[PDB]
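1. Need coordinates for the below:
(2 chains)
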Amino acid sequence: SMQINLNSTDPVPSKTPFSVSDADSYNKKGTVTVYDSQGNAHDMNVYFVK
Amino acid sequence: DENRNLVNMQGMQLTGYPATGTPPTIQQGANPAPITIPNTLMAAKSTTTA
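-> Residues are numbered from 1 along each chain as shown, chains lettered A, B, ... in the order given. This is the structure:
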């Protein structure tokens, strides 16, 4: 689950590229840790782009 | 401490959000990584704009 609260007035026009680094292309970078079949941790990076 | 880690005494590691990029930025959506403070050098950064 992931309860997200976003600011209604936060746009991303500064950039369009991603590659988990182009800060300007997104508004929020969240990471959810999840487990695979051996429990190995994984980094669910989630990007919110208005 | 001698490992460049913030601790109490106790001795436990103080955690926080990791920094990334140049200049570093705070990944608030990232997991609460151990805070460390390297004593190594800031690399020169070419002028990009002026």
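
2. With adjacent residues omitted, what lies nearest to residue A:43?
-> In space, and not counting its chain neighbours, residue A:43 is closest to residue A:31: 5.6 Å by C-beta to C-beta, 6 or more residues apart in numbering or on different chains. To be clear about C-beta, it is placed using only N, CA and C from the backbone, and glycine gets the same treatment.

3. Could you pull up the residues touching the one you found?
-> A:43-46, B:27, B:29-31 (C-beta atoms under 8 Å, 6 or more residues apart in numbering or on different chains).

4. In a markdown table, list the residues you listed along with secondary structure, neighbour count and distance to residue B:3.
-> Converted to a markdown table, the contacts of residue A:31 look like this (DSSP: H, G, I helix; E, B strand; the rest coil; neighbours: other C-beta atoms under 10 Å in any protein chain shown; distance: C-beta to C-beta, whole Å):
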| residue | secondary structure | neighbour count | distance to residue B:3 |
| --- | --- | --- | --- |
| A:43 | strand | 12 | 25 |
| A:44 | strand | 10 | 30 |
| A:45 | strand | 13 | 28 |
| A:46 | strand | 14 | 32 |
| B:27 | coil | 17 | 22 |
| B:29 | strand | 15 | 27 |
| B:30 | coil | 18 | 21 |
| B:31 | coil | 13 | 20 |
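
5. Dump these into JSON lines; add distance to residue A:20 as well.
-> Below are these laid out as JSON lines (distance: C-beta to C-beta, whole Å):
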{"residue": "A:43", "distance to residue A:20": "10"}
{"residue": "A:44", "distance to residue A:20": "12"}
{"residue": "A:45", "distance to residue A:20": "6"}
{"residue": "A:46", "distance to residue A:20": "10"}
{"residue": "B:27", "distance to residue A:20": "10"}
{"residue": "B:29", "distance to residue A:20": "11"}
{"residue": "B:30", "distance to residue A:20": "11"}
{"residue": "B:31", "distance to residue A:20": "15"}
